[PDB]
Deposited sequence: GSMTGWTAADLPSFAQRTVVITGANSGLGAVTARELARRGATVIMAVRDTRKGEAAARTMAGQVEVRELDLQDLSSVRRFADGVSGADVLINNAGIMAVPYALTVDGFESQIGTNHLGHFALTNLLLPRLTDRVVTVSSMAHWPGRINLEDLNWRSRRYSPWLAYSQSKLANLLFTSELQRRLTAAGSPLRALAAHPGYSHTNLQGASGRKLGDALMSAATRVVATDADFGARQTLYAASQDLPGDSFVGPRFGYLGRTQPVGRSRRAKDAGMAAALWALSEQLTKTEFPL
C-alpha cells in the first residue's frame, strides 16, 4: 500500500521551520512532525490564531510571527532562527483579487514565491538538511512574465496569477538545487504538492500534508517533486512537471529577477 504519515521516521532532536497560512495543510504537517519528536517553529501572520491551535498539539509546536507580504518581517523572523534542519515553504494564498504587498509585489507572487525566496536565502547558512517548497497542479498553465512579474501593465487573472506563483515555486527549487550542487553543499531542495485541494476544481488536509511529509522525510534526489500519482489523487511518489518548469534558462533568469526584487542573494 502507499506511503502515509503513519510511516514517518523519527524527527527527535530535529528542528523544522514551517510557514503557515493558519490553514489545515500547514497545521497537519506541523502536527505529524511534532508527534514524531520534531521541534516545530510555525511562522504565521496571525500568531493569536496560531498559538490557540499549537498549544493543544502533541509534541513541540512553537508559534512565531512572520508576514511573507513584508520583507522587513521576513528578515526579522529569519534573524531569530539560530538554526534549523528542514525548512518547509508551505504558506500560500490562492486565486485572490488583485492586491499589492508592502513591497509593491502582486500578492500571490509576492507571498507564495518572493517572500519564500527571501526567507530561504536568509536561512540557508544555518540549515542542515533540506528545503521543501509546496507547489500545485496549477503550475501547469502558468508562465513566468519577466518583464511584468507583478501584473502592473497587464489585465489580472486570479488563477493565472496563482499559476505563475506555483510555477515559480518549481523553478525556484530547480535553480536552488543547481546552486547547492555547484557550491558543494549537502543540502537538498525538493518540492511537493497536495493534489486536488489547491486546484481550480480534516481529510483534505491529511491528504495534502502527506505529500509534503514524504518530501520532508524520505531519501530523495535533489530537485525531486513529490505528489499523488494521478495528480489530483493517487499514491505518494515522485511525479512529473510541466515543460516550462523544466526550462533551466528561465529558472536562472527568474532567480536573478527575484534577487533584485527582494534584495537577497544566494549566500553559499
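Mapping the modelled residues onto the deposited sequence reveals missing stretches at 1-3, 205-224.
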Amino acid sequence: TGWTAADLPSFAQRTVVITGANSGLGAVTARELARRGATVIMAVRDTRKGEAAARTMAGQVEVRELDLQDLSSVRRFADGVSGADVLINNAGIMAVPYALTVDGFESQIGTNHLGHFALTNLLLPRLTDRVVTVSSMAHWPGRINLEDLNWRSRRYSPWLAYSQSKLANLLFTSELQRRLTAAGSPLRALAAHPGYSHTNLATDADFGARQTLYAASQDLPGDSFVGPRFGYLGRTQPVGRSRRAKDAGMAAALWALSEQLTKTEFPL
From here on, numbers count along this sequence of modelled residues.
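In this crystal structure, the stretch out of 104-112 and 177-185 whose C-alpha atoms carry the higher mean B factor is 177-185. The PDB entry records a higher mean C-alpha B factor for 69-77 than for its counterpart among 69-77 and 164-172.
Comparing C-alpha B-factors across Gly92, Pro158, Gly83, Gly195 in the deposited entry, the largest value falls on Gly83. Looking at the C-alpha B-factors along this chain, the one for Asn200 belongs to the highest third.
In this PDB entry, the Cα temperature factor of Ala209 sits in the bottom third of its chain's modelled residues, the lowest group.
The entry lists a Cα temperature factor for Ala252 that places it in the lowest third of the chain's modelled residues. Looking at the C-alpha B-factors along this chain, the one for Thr133 belongs to the lowest third. Annotation for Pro228: C-alpha temperature factor in the lowest third relative to the rest of the modelled chain, per the entry.
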